[PDB]
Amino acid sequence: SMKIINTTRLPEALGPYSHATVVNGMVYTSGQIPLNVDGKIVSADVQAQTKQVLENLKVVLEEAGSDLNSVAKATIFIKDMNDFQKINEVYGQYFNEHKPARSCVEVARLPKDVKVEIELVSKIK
């Protein structure tokens, strides 16, 4: 019915949330932020941050039995709409052949003062 996805390959979801759920053949990821497995921000650089988020999401999807080519929808929450071209360049490297639906908005603030946070909805397989 429902699967709860948590991988020690990734920085822990501390406290009351998990890396992803799988319900009715759909994966719902948590928002990923640019932490490595030690739970440290990888870089001040917004392109380095976007790559770590997308590398994190590739692992979530693998563990949930999905892949990037199965993504229906991404939401990109960012700190600075002026970084959008830089973020979009890196995103386009992960979403080349497959181009899912997307929304990108500038928020006030992200966890740990990170610059980018991305959540996915993906199909199993």
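Numbers follow the displayed sequence, beginning with 1.
Annotation for 57 to 65 versus 91 to 99: the higher mean temperature factor (C-alpha) is found in 91 to 99. The stretch 81 to 89 shows the higher mean C-alpha B-factor when 81 to 89 is compared against 26 to 34 in the entry.
Per the deposited record, 13 carries the highest C-alpha B-factor of all listed residues (107, 116, 20, 13). In the PDB entry, a CA B factor belonging to the lowest third of its chain's modelled residues is recorded for residue 75. Sort the modelled residues of the chain by CA B factor and residue 48 lands in the middle third. For residue 1, the recorded CA B-factor ranks within the highest third of the chain. Only modelled residues enter the ranking.
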